[PDB]
Amino acid sequence: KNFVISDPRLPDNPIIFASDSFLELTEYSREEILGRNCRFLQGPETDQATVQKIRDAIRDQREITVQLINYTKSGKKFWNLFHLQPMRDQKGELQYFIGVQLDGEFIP
Ligand SMILES: Cc1cc2nc3c(=O)[nH]c(=O)nc-3n(C[C@H](O)[C@H](O)[C@H](O)COP(=O)(O)O)c2cc1C
């Protein structure tokens, strides 16, 4: 339900699609999201060490799961259990990343 799709073939891996649940959770309108990198959800309290692990996963085009603090439009802190999956065409060329979010502090 709660997910976005980025196009890594376009500059800085912009969000091309965002699910209604995502717009609801993050409090942003679709118009504010389309063409942005998803890093705008990060903020002061976001562990940079965890952000680095996401950068490595995108570089190596591997799937990853991490928990990190994210901010809504209004600046409300929420824990994001974030799941990144690379997505390839028939020829095995990377086409998209899908990013699934789950809201809550799962690991204390
Ligand atoms: C499909 C997709 C969804 C993403 N969703 C989130 C997210 O919900 N929260 C977040 O903090 N970062 C998310 N990211 C990570 C950022 O977009 C960015 O790649 C990350 O912060 C590391 O790159 P940077 O060092 O250039 O910021 C997502 C990335 C992709 C490709």
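Residues numbered from 1 in each chain as written, not as in the entry; some residues may be left out. Heavy atoms only, no water.

By the method listed in its record, X-ray crystallography, this PDB entry was determined to a resolution of 2.08 Å.

Looking now at helix α3 (residues 48-60). Helix length check: α3 (13 residues) gives 19 Å between terminal C-alpha atoms against 18 Å at 1.5 Å per residue, within 8%. On the buried face of α3, the contacting elements are β3 (64-71) and β4 (77-88). A side-chain oxygen of the first residue of α3 lies 3.3 Å from the backbone nitrogen of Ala49; this N-cap is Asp47. One or two steps after α3, the chain reaches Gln61, where phi turns positive at roughly 55 degrees. (Helix = DSSP H or I, 4+ residues; strand = E, 2+ residues; numbered from the N terminus. Expected span 1.5 Å × (residues − 1). Contact = heavy atoms within 4.5 Å. Polar contact = N/O pair within 3.5 Å; in protein donor to acceptor, adjacent residues only side chain to side chain.)

Our focus in this paragraph is the site of the ligand. The local shell around the ligand holds 21 residues, among which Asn37, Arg39, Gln42, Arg55 and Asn70 are the closest. Take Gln101: an N or O atom from its side chain is 3.3 Å from an oxygen atom of the ligand. Here the ligand has 620 Å² of accessible area as a free molecule, and 91% of this is covered by the chains. At the level of secondary structure, the elements contributing two or more residues to the shell around the ligand comprise β1 (3-6), α3, β3, β4 and β5 (94-103). For the shell around the ligand, the residue count by class is eleven nonpolar, eight polar and two charged. (Near = heavy atom within 4 Å. Areas by Shrake-Rupley, 256 points an atom, 1.4 Å probe, with all protein chains shown as cover. Nonpolar A, V, L, I, M, F, W, Y, C, P; charged D, E, K, R; others polar.)

What follows covers the environment of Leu68. One can find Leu68 in strand β3. With a relative accessible area of 4%, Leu68 lands in the buried category. In this view, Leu68 contacts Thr46, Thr50, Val51, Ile54, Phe78, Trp79, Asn80 and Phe82; residues no more than four positions away in its chain are not counted. (Buried < 20%, exposed > 50% of the residue type's maximum accessible area, 1.4 Å probe, protein only.)

Turning next to the pattern of salt bridges. The full count for this structure, using the stated rule, is seven salt bridges. Residues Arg39 and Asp12 are paired through a salt bridge, measuring 2.9 Å at the closest nitrogen-oxygen approach. In this pair, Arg39 sits in the loop between α2 (30-33) and α3 while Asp12 sits in the loop between β1 and β2 (15-18), placing the two residues 27 residues apart along the sequence. Relative accessible area serves as the criterion here: at 43%, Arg39 is assigned to the partly exposed category. A salt bridge links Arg30 to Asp20, with the shortest nitrogen-to-oxygen separation between them at 3.1 Å. Pair noted here: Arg30 is in helix α2 and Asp20 is in helix α1 (residues 20-26), with a separation of ten residues, a long-range link. (Salt bridge = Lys/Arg side-chain N within 4 Å of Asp/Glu carboxyl O.)

Two descriptors summarise a pair of aromatic rings, namely the distance from one centre to the other and the angle between the planes of the rings. Counted under the stated rule, the structure contains two aromatic pairs. Taken together, a centroid distance of 5.6 Å and an interplanar angle of 20 degrees make the contact between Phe3 and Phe17 stacked. A residue pair is termed long-range when its members are at least 10 positions apart, and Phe3 in strand β1 and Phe17 in strand β2 qualify at 14 residues. For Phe17, a relative accessible area of 37% puts it in the partly exposed group. Consider the rings of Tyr28 and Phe40, whose centres lie 5.0 Å apart with planes at 80 degrees: the pair is edge-to-face. With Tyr28 in the loop between α1 and α2 and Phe40 in the loop between α2 and α3, this pair connects stretches of sequence that are twelve residues apart. The pair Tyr28 / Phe40 is uniform in exposure class, with both members buried. Lying over the aromatic face of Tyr96, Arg9 brings its terminal NZ or CZ to 5.0 Å of the ring centre. (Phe/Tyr/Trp six-rings, centres within 6.5 Å; stacked < 30°, edge-to-face > 60°. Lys NZ or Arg CZ within 6 Å of the ring centre and 35° of its normal.)

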